[PDB]
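Asks: pasting the structure only:
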């Protein structure tokens, strides 16, 4: 469904049938609520505990097809542009793509073959570095986030006497906002995520109805406006 | 009651158990027009009952109800407020409309006389068409007649437009006015005119005329304003 259909069925589901009908929502408000509902839905469906099914990214066909249009593959750029201080002397710093929402798969291609990057926790890092070896298992590499400015910088730890040729990252692209109409105005240009032009929902049509329902629920919680509704509907932001 | 009976029994009631016939004709014509309005509006009468609210009210307006067709106003190329509005002229002898229907290719559709507030409300929504068995109607630029815009759903053509309405009553005249009174007319007719209404409401028309006469002749401002309340 295109943006006009988002807005028309938003109006239908919000106030065109309600008995003591409420004021219609302005297009900026509808775009804001739709973008919020989109992000909430993405976060709810990525995490199993966030939805009533207990199903995350790839726990069912529907969850695969939900994020299928939001998956992207890119590469981390070696961060030798400027000097820096790494926590580990034997780690190579890489910069992830700017439009990164969530990392789901990483791999590094070295001279000793491809290796799956395992994101190790800080307590896990301490445990592993208290051991005599201090290097990954055969077909794996280690990873920790380092000092990041304006984009995520990442330290890749591989086994000794190994060089990294490329660093691929299969991630979830940051969703683009849903903007119903050109938000340009003479009184001031308002933006949802830095863009005023019309922006279609760049995800699969399977969850457009879900985004619409969530947006309507958020609109009605805003209309109710007491602390109660804000608190319970803020639980699903996550 | 014949007009002679109206004139004779006006004298019985007004002249203390026994006015010009023009003055009697004027008051009787005014009285019936009051009575039709008062018994049409439920709040205008003493029972709180309108046109179809009781058997008596149905026989009251029985001989005024008329069914006529609207004629397309294609002769005059005027300007309509709605894009898909077809201008139609209503019958000349029209007093109050009570049912309107339009026969389209899709089917007969009951016309809803839509208020100026509801139009702005229903035209601020996505679709902007009536429900599947209804049509809208709003009055438009009218010259010496009644013109109505029939806003039926797009993708449909209007083939017929039936109007069921209350006909304008004819005047009550008790004598040839031109015989003694030079060129006086009541509603454009100078000759004897009978009551075109059911005999059930002749007594109330006569009683109202007598009350109107006595209040008019008493001359008090309070009486004139008090009985002028029931003029609507």
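Replies: Received it, and whenever you're ready, just let me know what you need. Numbers count the residues shown, from 1 in each chain, chains lettered A, B, ... in the order given.
Asks: With residue A:137 as the reference, measure out to the residue of chain A found nearest chain B.
Replies: Proximity of chain A to chain B (CB to the nearest CB) peaks at residue A:8, 4.1 Å away. Heads up, the C-betas are built off the backbone N, CA and C, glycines and all. For residue A:8, the distance to residue A:137 equals 55 Å [CB to CB, to the nearest Å].
Asks: Those two: which is more packed in?
Replies: The residue with more neighbours, out of residue A:8 and residue A:137, is residue A:8; 17 against 12, by other CB atoms under 10 Å in any protein chain shown.
Asks: Just checking, which helix or strand succeeds the helix or strand hosting the more buried one along the chain?
Replies: If you go by DSSP states H and E, residue A:8 is part of helix A:3-11. Using DSSP H and E, the next helix or strand after helix A:3-11 towards the C-terminus is helix A:27-46.
Asks: Let me know whether that following helix sits next to chain B.
Replies: No - shown here: helix A:27-46 not in contact with chain B (CB under 8 Å from any CB of the partner chain), separated by at least 13.0 Å.
Asks: Just want the most central residue of chain A.
Replies: Closest residue to the average C-alpha location of chain A: residue A:101 at 2.9 Å, with CA atoms, centre = their mean.
Asks: that older thread, tell me who's in contact with the residue of chain A closest to chain B.
Replies: By CB atoms under 8 Å, 6 or more residues apart in numbering or on different chains, the residues touching residue A:8 are residue B:126.
Asks: Then residue A:55?
Replies: Counted by CB under 8 Å, 6+ apart, residue A:55 has contacts A:48, A:62-63.
Asks: residue boundaries of the strands in chain A?
Replies: A:71-75, A:77-78, A:91-95, A:100-110, A:113-119, A:140-145, A:153-157, A:164-173 (DSSP state E).
Asks: Contacts for the last one next, please.
Replies: Contact partners of strand A:164-173, identified using CB under 8 Å, 6+ apart, comprise A:42, A:46, A:67, A:70-76, A:78, A:92, A:94, A:96-97, A:99-111, A:117, A:156, A:158.
Asks: what does chain A have sitting close to chain B?
Replies: Residues of chain A found near chain B, taking CB under 8 Å from any CB as the criterion, are A:8, A:11-12, A:16, A:24.
Asks: Which phi and psi values does the nearest residue to residue A:99 once chain neighbours are set aside adopt?
Replies: Sequence neighbours aside, residue A:174 is the residue nearest to residue A:99 in space, at 4.7 Å (criterion: CB to CB, 6 or more residues apart in numbering or on different chains). Backbone geometry at residue A:174, expressed as degrees, to the nearest 10, gives phi -70, psi 120.
Asks: where's residue A:174 relative to residue B:146, distance?
Replies: From residue A:174 to residue B:146 the distance is 62 Å (CB to CB).
Asks: same question, residue A:85
Replies: In terms of CB to CB, residue A:85 sits 88 Å off from residue B:146.
Asks: One more: residue A:38?
Replies: 53 Å.
Asks: again with residue A:218
Replies: In this view, residue A:218 and residue B:146 are 49 Å apart by CB to CB.
Asks: sorry, back to before: can you select the buried ones from the contacts of strand A:164-173 in ChimeraX?
Replies: Applying 16 or more other CB atoms under 10 Å in any protein chain shown to the contacts of strand A:164-173, the buried members can be selected in ChimeraX as follows:
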select /A:42,46,67,70,74,76,92,94,96,97,100,101,103,106,108,110,117,156,158
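Asks: Any idea how many residues pack against residue A:124?
Replies: Neighbour count of residue A:124, defined by other CB under 10 Å: 13.
Asks: cool, the one 10 residues further on as well?
Replies: Here the neighbour count serves as a burial measure; for residue A:134 (other CB under 10 Å) it reads 14.
Asks: Quick one: residues contacting it.
Replies: Residue A:134 touches residue A:128, counting by CB under 8 Å, 6+ apart.
Asks: Swap in 10 Å and give it another go.
Replies: Counting by CB atoms under 10 Å, 6 or more residues apart in numbering or on different chains, residue A:134 touches A:88, A:90, A:128, A:142, A:157, A:159-160.
Asks: Also residue A:119?
Replies: A:103, A:106, A:142-145, A:154.
Asks: Greatest separation within those: which pair is it?
Replies: A:103 and A:142 (14.2 Å; CB to CB).
Asks: Of the contacts of residue A:134, keep whichever come out buried.
Replies: The buried subset of the contacts of residue A:134 - by 16+ other CB under 10 Å - is A:128, A:142, A:157, A:159.
Asks: Setting aside sequence neighbours, what's the nearest residue to the third one?
Replies: This points to residue A:157. residue A:142 (4.1 Å).
Asks: Report the contact partners of that neighbour.
Replies: Counted by CB under 10 Å, 6+ apart, residue A:142 has contacts A:88, A:91, A:115, A:117-120, A:124-125, A:128, A:134-136, A:155-159.
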